[PDB]
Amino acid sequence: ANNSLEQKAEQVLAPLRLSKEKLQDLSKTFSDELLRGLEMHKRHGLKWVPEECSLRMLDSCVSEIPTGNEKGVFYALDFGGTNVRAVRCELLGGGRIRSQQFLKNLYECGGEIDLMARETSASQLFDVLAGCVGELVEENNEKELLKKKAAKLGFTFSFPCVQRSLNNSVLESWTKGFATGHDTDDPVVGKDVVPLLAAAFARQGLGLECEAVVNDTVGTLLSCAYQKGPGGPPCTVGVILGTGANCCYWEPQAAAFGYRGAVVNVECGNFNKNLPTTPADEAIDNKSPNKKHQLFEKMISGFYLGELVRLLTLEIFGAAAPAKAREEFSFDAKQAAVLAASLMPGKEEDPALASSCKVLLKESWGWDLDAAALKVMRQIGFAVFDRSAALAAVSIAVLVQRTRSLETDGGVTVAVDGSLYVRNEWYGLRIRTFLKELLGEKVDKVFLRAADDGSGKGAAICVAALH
């Protein structure tokens, strides 16, 4: 019988099932790396030195954490790619916020102008960004009010930058397909984006003052801090587990290490020390456009989990694998989650979840596979997702410990957002299981809390907390 299939699956998947000792060792490695990063920051400031630390340990310049009692109307601009969003937030106190948003697809906004093109000027791009916010101001009939007294605005600008202060961030290089300004006298690269945005607001008569540029993880922490309610411990860790994976945290010795803010954007997706690398991980990195970078994220985030399932399927099934498994990106993290859900605690014998796996594999890969093969595929999906949760837990545990919040405040609130956590109830519970492995009984003082819209609401909250 081809029960060597089960032996092969065990051989291939065992290295993805991280032992307690392996997770503790990785926690130690990550904590040591974080300390090296603080020392790097103290020496080098705005200059990243990858030989000293794989973690950029960026100064967010955020020091003012909201209480939930702040009140007023605050705006945000979320520019992380072609899907731009303006947000308006009524901060009502008691942790309550009412939001509105306006969306623009940059592919449809130049008319006769490709906004992503090297021939497009900074002014043309920022005119469109400012116009997104202006459309929201006009929806609220607020343009004249804002001429009398400007509203404050936070800006999530999700590109590599050099940030000297909360309201001063210079674009280091374009990513994500953008090349705006490269062939003009009016570049974005090498310029502080805040004066460019301010000039565009002025050209439209818009009374908005950008007081912060904020990373999405920091916005996630701030969204949670405002909305959680005082009846619990402080929010000192922010986590995104979605298409990408990153965290931020409140650093108690920030001043001694040369930080202006207290919140550090770790950029831990690039963590690269003593990773539990498997051949599938090497294959994902080797064909990626960012070889040797984001190696921790490549084991964790939704962009990669489907690819992991696909490559492991090919490794385990060989000539029995379906033809579509040979196609890059043919299987995504939502599909992998269907597989993993069927092997979560208490669900291993659930017929409906297993049936959903059979239906999925027929639809996505045209694979009319037998019972033994179906069980193996479920095990592959489970192994990939459970490793993502375990590694996320390592990062959370190390940051929780570094905040000292358990010692100083008796507990900690960890803000979490991102599709892996939001779409899969069991994912956070797996994270908590691994956190208990890492932290012991004091995990009962750690509270994972869903936090929404760090890139919009969170940036508006950032500027509201400055008052």
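Residue indices: 1-based, along the sequence shown.
- When 24-32 is weighed against 438-446, 438-446 comes out higher, by mean CA B-factor as recorded in the entry.
- Just going by the entry, 163-171 versus 100-108 on mean CA temperature factor gives the higher value to 100-108.
- The residue among 219, 154, 381, 81 whose C-alpha carries the highest B-factor in the deposited model is 81.
- Out of 366, 269, 242, 261, the entry records its largest CA B-factor for 366.
- Looking at the C-alpha B-factors along this chain, the one for residue 9 belongs to the highest third.
- Among the modelled residues of its chain, residue 404 has a C-alpha B-factor that falls in the highest third according to the deposited record.
- Among the modelled residues of the chain, residue 229 sits in the highest third by CA temperature factor in this PDB entry.
- Sorting the modelled residues of the chain by their CA temperature factor places residue 298 in the lowest third.
- For residue 361, the recorded CA B-factor ranks within the middle third of the chain. Only modelled residues enter the ranking.
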